[PDB]
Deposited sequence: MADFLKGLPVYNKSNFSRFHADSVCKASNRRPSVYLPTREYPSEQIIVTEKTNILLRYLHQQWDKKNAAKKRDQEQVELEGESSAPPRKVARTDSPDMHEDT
């Protein structure tokens, strides 16, 4: 028991962060968009597709 794992033995052997204010702008790769169609609407239309 206590055979704990170690990612790297060096860490924790010799024993507050600056605020990051962004000035430059890097364009966003992707945008989250939420589907607005109501859940009944989507389900009934999908079943309509199946029998069509």
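Unmodelled segments of the deposited chain, in sequence order: 1-4, 20-30, 68-102.
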